[PDB]
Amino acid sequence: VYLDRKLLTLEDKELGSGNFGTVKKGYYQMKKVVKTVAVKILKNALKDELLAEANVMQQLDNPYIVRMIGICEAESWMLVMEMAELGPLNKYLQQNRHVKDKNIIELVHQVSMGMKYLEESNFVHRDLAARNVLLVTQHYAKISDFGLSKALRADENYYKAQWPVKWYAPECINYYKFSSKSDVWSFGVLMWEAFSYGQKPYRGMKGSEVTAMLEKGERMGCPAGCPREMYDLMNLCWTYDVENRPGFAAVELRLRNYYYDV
């Protein structure tokens, strides 16, 4: 799992940045070829968090999730991942309002397949949103950003926290309980974002105003040009009572069926 720093070449430019530090593009020397990578570099609390993130990614193996190549302990701690060249889905759609409905359905279906896998594997993502889906190509999405993610214990169906409120289900806010069904709620917000071309959800509202709106049974409206069936699926993801909300098996099947007849 530990990579050799001498086999990594970084670019100077940064792709992004935050309290942890920076994300830069680089190249990792393999047997013959070089592999383009995205490298999360700590400008260092922070250590354990990066190590926990890599620990999650190390356990996942699925085409619609960002793969970890390894960790590099060098001038800084570095989490080396396969590169998603086109970057975050929200930003991509904000810059490319031409993308067709059918292409959006294809991408959100790919996210649902990743998430179905994540749910089967008993991990909760806890930060599922359009900014955390990355594009390989205009037709290939991957789930990223496993910093808040939790491996559920073998005999528990949720994680009790001890916040991206606009993406959180009522049971997360009210009871601090995070399940695969909480991620389904998030997935519905992600779908709304995708069909809105990377607009922000609940525009202009405080977290507490969002919670009140939801408790009145109010939900965001159908984005322009979003198909009825896809809005109906969003509303099903925003099922208030977690017990009655679909899991990702049911969500992925709905998307699959709709895509393969649209």
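So that there is no doubt, residue numbering starts at 1 and follows the sequence shown. Throughout, rigid core stands for the largest set of C-alpha atoms superposing within 1.5 Å between the two forms.
Note on 72-80 and 91-99: with rigid core alignment, C-alpha atoms in 9 other deposited structures of this protein sit farther from this form for 72-80. Compared with other PDB entries of the same protein, residue 43 is missing from at least a third of those that resolve the residues around it. Where residue 36 is followed by residue 37 in the displayed chain, the model omits none of the deposited residues that would sit between the two.
The mean C-alpha temperature factor is higher for 45-53 when 209-217 and 45-53 are set side by side. Between 97-105 and 75-83, the higher mean Cα B-factor belongs to 97-105. Reading the B-factor column for the CA atoms of 224, 234, 65, 68 in the entry, the top value corresponds to 224. Sorting 132, 149, 180, 162 by the CA temperature factor given in the entry leaves 162 at the top. Split the chain's modelled residues into thirds by C-alpha temperature factor. Residue 25 is in the middle one. Residue-level temperature factors show residue 186 in the lowest third of its chain, judged at the C-alpha atom. Ranked by C-alpha B-factor against the other modelled residues of its chain, residue 174 falls in the highest third. Annotation for residue 17: CA B-factor lies in the highest third of the chain's modelled residues.
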